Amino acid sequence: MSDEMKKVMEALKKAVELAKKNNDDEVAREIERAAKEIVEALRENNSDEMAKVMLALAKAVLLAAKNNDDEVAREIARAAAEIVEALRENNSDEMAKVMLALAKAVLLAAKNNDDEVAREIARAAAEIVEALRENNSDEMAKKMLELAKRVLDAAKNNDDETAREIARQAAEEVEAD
């Protein structure tokens, strides 16, 4: 774990404590779950690409806890934790590319301070992750990379309508597979 990561993690620990202080116990649980997943992912894997994804996710959770509604904050934290779970199952170079794109998208969404966009970007990321955990073949990962790139562009355009469309296409590609 890097020193920039150690700083973000200490901030996450503060975010959990603040959530508890405000009686937001379910938010606190989900932030803690994501943080714990990240720590275990880094304990077992010294890949720099891994470290990159984990830093982006940690920052996204922290910003969402600060910027977004409680219930949106929960969705970003859940998306982050599920992204890490997927990477711990398979961190091929293609899987890492998908997850880096999604981590960048949830970070930007959390940073843009729009609750509807943050919610839809997190959901699109979650649908793509779910698809890969059902089948994380090289072929499925390539398909999901193109969708993940579109989620990132949607976050960049603050485009909640397009985020929802990508989520539906990811769920239907699973069906096709």
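Counting begins at 1, following the sequence as shown.
Higher average CA B factor: 138-146, of the stretches 57-65 and 138-146.
Of the two stretches examined, 118-126 and 35-43, the record assigns the greater average C-alpha temperature factor to 35-43. The residue among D24, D153, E17, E161 whose C-alpha carries the highest B-factor in the deposited model is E161. In the deposited entry, the Cα temperature factor of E85 places it in the middle third of its chain's modelled residues. Annotation for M50: C-alpha temperature factor in the highest third relative to the rest of the modelled chain, per the entry.
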